[PDB]
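Scroll down for the structure; my scribbles are underneath it.
Don't worry about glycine lacking a Cβ; one is built from the backbone with ideal geometry, like all the others, and counts go over all protein chains shown. Rule-based calculations on the coordinates, nothing more; no lab input.
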Amino acid sequence: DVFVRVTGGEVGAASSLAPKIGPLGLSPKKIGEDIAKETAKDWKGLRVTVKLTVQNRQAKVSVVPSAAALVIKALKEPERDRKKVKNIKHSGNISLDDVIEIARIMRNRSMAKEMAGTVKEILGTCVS
Amino acid sequence: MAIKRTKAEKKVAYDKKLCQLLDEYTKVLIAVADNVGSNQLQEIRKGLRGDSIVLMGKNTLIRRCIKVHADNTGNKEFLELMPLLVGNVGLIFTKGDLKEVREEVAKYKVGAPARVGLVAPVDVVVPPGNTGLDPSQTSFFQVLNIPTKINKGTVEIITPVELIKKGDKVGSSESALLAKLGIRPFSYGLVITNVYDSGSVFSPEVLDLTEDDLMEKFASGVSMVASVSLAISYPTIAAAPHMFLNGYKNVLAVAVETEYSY
Amino acid sequence: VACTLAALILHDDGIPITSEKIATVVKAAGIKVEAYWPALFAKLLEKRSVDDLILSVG
Amino acid sequence: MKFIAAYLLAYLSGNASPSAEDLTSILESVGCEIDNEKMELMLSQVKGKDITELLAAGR
Amino acid sequence: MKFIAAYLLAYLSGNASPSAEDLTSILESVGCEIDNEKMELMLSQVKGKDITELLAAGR
RNA sequence: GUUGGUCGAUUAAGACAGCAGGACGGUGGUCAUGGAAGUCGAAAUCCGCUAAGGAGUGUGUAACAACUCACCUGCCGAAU
């Protein structure tokens, strides 16, 4: 599985479905129709990481804020934080209000256990 | 964890952790988490956790004597028949009764293909139908006792047959080919080897839920009462209709064997 | 009947069906003892082959 | 058997069969030792079964 | 048994089985003494029971 | 190589070798952006369940993965 990426509402894109294979492993613009309606959520913005699931002669990703999609999008910053925990490059500090709701939807899509686990969260696979 | 190294992975301190939970709860249950993978294990554990929670333990776990000594019970090395501990196994403490816990795990088991070098927990069987594989090493199927033939240029299973018997090890080739077919022959979770609950050692015959056999014994016992009730002449509650029919047999006997009109 | 089953267990164990043995079993069940009935049944059932009777009945 | 008879007596007398009150008591009164492991299984059938169906059946 | 024969026979004639008249009398003719406690139970049985259903049924 | 020493560790609460098992979830709330739960790459470091399973040694699906070993068990019975 070779993933593939999407920006909101696109279909059939040559730059994304030709050099990265036409997903399903044949049949480009099968993924393209399904993805467009699915991943039109927040604004198209910076490119969304979507990670591919394959079905019987259909390619489709269900994006329903799966952790991977959210990653670049949430801060809304076009550069990066790079070498973090010391001197962040941008000043895009996401608020607590956005953080809790974004985190919660991941925590039903990632095989997550505890409700109380969201307290324990963060440090290594986040801020670091 | 962050203490990645060999340095302390505490002994006597974590022995006390195991001790406290044992003293708290009526039931200490030992079930084999060896069979289960970690991702799979969490799903089984989640249901059990609501009742009262589970903790997994090392060789401090087998030291059940000290745990028992702190409270008063008898589920240790001596008084329990054998500590049944296996690799990556914990002790599962639950509020749920011995019959209920058996049901809880059994209802929610998660499928997984069988694993190499482990003895197959059940028979593994192959269905008829196309394998889904392209023409390749058709020889590999035949060794395992998966019958195959080339029809339409593709490998297809001609008939169902049992690939391997219970108690026989799963091949490297066997595990791979079963997974491709989509066969997940055993469904995995915490197989319960023994349960200790409320001063009693319960073996798996208690846990099961056959019966049907025990219904037959009930009917047999009642039949012995009914037969006795006929002869005796004793107009107690059950025996009062039955005794009357004994007297009727004498009247009936002459009429049927003869042809005598009364 | 409580009395009939009380007799039946004694036969299985190989311990004789007499007034003393049958009466105590009835008490254990938690049904009250009524004076004539355990003694009367024990006397009556004595010298009967229960085994052949079980296997008959038509 | 010993075990079948113990709860059979309880049902006929009209008493319920719990562990300590009746089920253990009946077999012990005969002078046979009741096994703690086995007895719970025997008790379990009475629970959640319509026992009059079994009573009706002869074997 | 002794006891079964006496009360059953009385039913055929349509007679009740009371103590002295019929119930003991049948055994006495044979030379057999009926037990007083057992006799009481036979007398009680016919009273308050619908006898006709028992007779009708075959076994 | 073999010898006796010295200073620390770990060890009958069963360690250390070797099999056999497990080596996951919080987690791709985040950055290389085409991308990387650890993994073509980089500053980083603690929990859940814990006895365990590195926010990572490699094998690798340009993704996941399981696999390996480092971490601990079952086996093991005395040192390492």
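In nm, what is the difference between 0.36 nm times the number of residues separating B:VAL86 and B:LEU118 and their Cα-Cα distance?
10.2 nm
Kindly provide the helix-only [θ] at 222 nm of chain D, computed as the sum of -39,500 (n - 2.57) over DSSP H runs of four or more divided by all residues, to the nearest 500 deg cm²/dmol?
-16500 deg cm²/dmol
Got the relative contact order for segment B:103-178 handy, in percent, Cα pairs under 8 Å and 6 or more residues apart?
On the way: 113 pairs, mean separation 31.4, N = 76.
Relative contact order here is 41 percent.
Place a point 7 Å from the Cα of A:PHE3 along the Cα-to-Cβ direction; which residues of segment A:54-72 have their backbone N under 16 Å from it?
It comes to A:54, A:61-63, A:66-72, nothing else.
Neighbouring Cβ atoms within 10 Å as the yardstick, rank B:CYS19, A:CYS126 fewest first.
Sorted ascending by nearby Cβ count, the order is A:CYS126, B:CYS19.
To two decimal places, what compactness ratio does the protein assembly as shown give when its Cα radius of gyration is scaled by 2.2 N^0.38 Å?
1.54
Spin-label point model (7 Å from Cα, Cβ direction): what's the B:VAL161 to A:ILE72 distance in nm?
Those two pseudo-labels are separated by 5.6 nm.
Using a ≥ b ≥ c from the Cα gyration tensor of chain B (square roots of the eigenvalues), is it rounded, prolate or oblate, where a/c under 1.5 gives rounded and otherwise the larger of a/b and b/c decides, a/b for prolate?
oblate
Can you spot the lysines whose alpha carbon is less than 19 Å from A:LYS29's alpha carbon? Ignore those fewer than 8 places along the same chain.
Correct list for A:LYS29: A:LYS20, A:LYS37, A:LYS44, A:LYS51, A:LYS60.
What spacing in nm lies between the two simple spin-label points modelled at B:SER223 and A:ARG57, each 7 Å away from Cα in the Cβ direction?
Inter-label distance under the simple model: 6.0 nm.
Give or take rounding to whole Å, what are the principal axis extents of the alpha carbon atoms in segment B:5-103, in descending order?
That gives 37, 32, 23 Å along the principal axes, largest extent first.
Show that you can apply the helix-only estimate: for chain B, add -39,500 (n - 2.57) for every DSSP H stretch of four or more residues, divide by all residues, and state [θ] at 222 nm to the nearest 500. Each step should come with its number before you reach the end.
Details: 9 runs with 100 residues, N = 262.
Computed ellipticity for chain B at 222 nm equals -11500 deg cm²/dmol.
Give me the compactness ratio for chain A, meaning the Cα radius of gyration over 2.2 N^0.38 Å.
Ratio of Rg to 2.2 N^0.38 Å for chain A: 1.18.
If you fit an axis through the alpha-carbon atoms of helix E:2-13 and take the longest principal axis of the Cα set of chain E, what angle between them do you get, 0 to 90°, nearest 10?
Computed tilt is about 60 degrees.
Kindly give the semi-axes, whole Å and largest first, of the ellipsoid equivalent to segment B:51-100, taking each as the square root of 5 times a Cα gyration tensor eigenvalue. Don't jump to the answer; show the numbers that get you there.
Values: eigenvalues 63, 46, 25 Å².
Over the Cα atoms of segment B:51-100, the semi-axes work out to 18, 15, 11 Å.
Go from 0 up to the bin containing the longest alpha carbon distance in segment B:119-216, width 5 Å each, and give me the % of pairs per bin.
With 5 Å bins starting at 0, P(r) equals 2, 11, 18, 17, 12, 9, 9, 7, 6, 5, 3, 1, 0.
List every residue whose amide H lies under 5 Å from the amide H of B:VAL28, counting only residues 5 or more places away in sequence or on a different chain, with H placed 1.01 Å from N in the peptide plane.
Distant-sequence amide H within range of B:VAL28: B:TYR196.
Please give me, ordered by residue number, the chymotrypsin sites (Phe, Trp or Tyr not before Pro) of segment B:48-136 that lie in loop per DSSP and have at most 12 other Cβ atoms within 10 Å.
Listed in order of number, the matching sites are B:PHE78.
Which whole number gives the average count of other chain Cβ atoms within 10 Å of the Cβ atoms across peptide E:37-44?
Going residue by residue through E:37-44 and averaging, the value is 4.
With label points built 7 Å along Cα→Cβ from the Cα atoms of A:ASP42 and B:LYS46, find their separation and express it in nm.
Reported label-point gap for A:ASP42 and B:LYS46 is 2.6 nm.
Between exposed trypsin sites (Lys or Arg not before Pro) in chain B, where DSSP calls loop and at most 12 other Cβ atoms lie within 10 Å, what's the longest gap?
So the longest stretch without any such site is B:12-151.
Segment C:17-58: which trypsin sites (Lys or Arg not before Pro) are DSSP loop and have at most 13 other beta-carbon atoms within 10 angstrom?
C:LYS32, C:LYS47
If you plug each phi of segment A:62-69 into the Karplus form 6.51 cos²θ - 1.76 cosθ + 1.60 with θ = phi - 60°, what whole-Hz ³J(HN,Hα) values come out, in order, with x for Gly and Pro?
So the J values, rounded to whole Hz, are 10, 10, 2, x, 2, 2, 4, 5.
Please work out the Cα center distance from segment D:29-59 to segment C:32-56, rounded to the nearest Å.
Rounded to whole Å, the Cα centres lie 23 Å apart.
Return the average number of partner chain Cβ atoms within 10 angstrom of each residue Cβ along peptide D:9-21.
Other-chain Cβ atoms within 10 Å of each residue's Cβ, averaged: 5.
Ignoring everything except DSSP H segments at least 4 long, calculate the 222 nm mean residue ellipticity for chain A; use -39,500 (n - 2.57) per segment, divide by total residues, nearest 500.
Numbers: 5 runs with 35 residues, N = 128.
Counting only the DSSP helices, I get -7000 deg cm²/dmol.
Using amide H atoms built 1.01 Å from N in the peptide plane, name the residues 5+ places from D:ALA57, or on other chains, whose amide H lies under 5 Å from its own.
When sequence neighbours closer than 5 places are left aside, there are no close amide H contacts.
Taking the Cα centre of segment B:1-121 as the origin, how large is its charge dipole in debye, to the nearest 20, when only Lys and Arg (+1) and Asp and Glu (-1) carry charge on their Cβ atoms?
Charge dipole, segment B:1-121, about its Cα centre: 560 debye, nearest 20.
Looking only at GluC sites (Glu not before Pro) in DSSP loops with at most 13 other Cβ atoms within 10 Å, what is the longest site-free stretch of chain B? Before the final figure, lay out each step's value.
Values: sites that count: B:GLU9, B:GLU77, B:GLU211, B:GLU259.
Maximal segment without exposed cleavage sites: B:78-210.
If contacts are Cα pairs under 8 angstrom and at least 6 residues apart, what is the relative contact order of chain A in percent?
About 20 percent, as a whole number.
What residues qualify as long-range amide H neighbours of B:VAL125, i.e. H under 5 Å apart, gap of 5 or more or another chain, H built at 1.01 Å from N?
Here B:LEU163 satisfy the definition.
Using θ = phi - 60° and the Karplus form 6.51 cos²θ - 1.76 cosθ + 1.60, what ³J(HN,Hα) does each residue of segment B:194-200 get, whole Hz, x for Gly and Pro?
6, 9, 10, 8, 6, x, 10
Within chain B, which whole H helices from DSSP have a Cα span along their axis of at least 24 Å and a mean Kyte-Doolittle hydropathy of -1.0 or more, if any?
Details: long enough: B:213-232 (30 Å, 1.11); B:239-257 (27 Å, 0.59).
Span-like helices, by this rule, are B:213-232, B:239-257.
At a Förster radius of 45 Å, what calculated FRET efficiency corresponds to the Cβ-Cβ distance of C:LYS32 and D:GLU37, to the nearest 0.05?
So the FRET efficiency works out to roughly 0.90.
Within the P(r) computed for segment B:159-262, what percentage of the Cα pairs occupies the region above 19 Å? Provide the component values of the computation, followed by the final result.
Details: 3949 of 5356 pairs.
I get 74 percent for the Cα pairs in segment B:159-262 exceeding 19 Å.
Over the Cα atoms of segment A:21-74, compute the convex hull volume and normalise it per residue, giving Å³.
Cα convex hull per residue, to the nearest whole number: 79 Å³.
Sort out for me the Cα centre separation of segment B:114-179 from segment B:54-75, rounded to whole Å.
44
Calculate one ³J(HN,Hα) per residue across segment D:26-36 by plugging θ = phi - 60° into the Karplus curve 6.51 cos²θ - 1.76 cosθ + 1.60, and present them in order as whole Hz with x for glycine and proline.
5, 6, 5, 5, 5, x, 9, 7, 8, 8, 5
Are there GluC sites (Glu not before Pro) in segment A:20-128 that DSSP puts in a loop and that have at most 16 other Cβ atoms within 10 Å, and which ones?
A:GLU79, A:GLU114, A:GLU121
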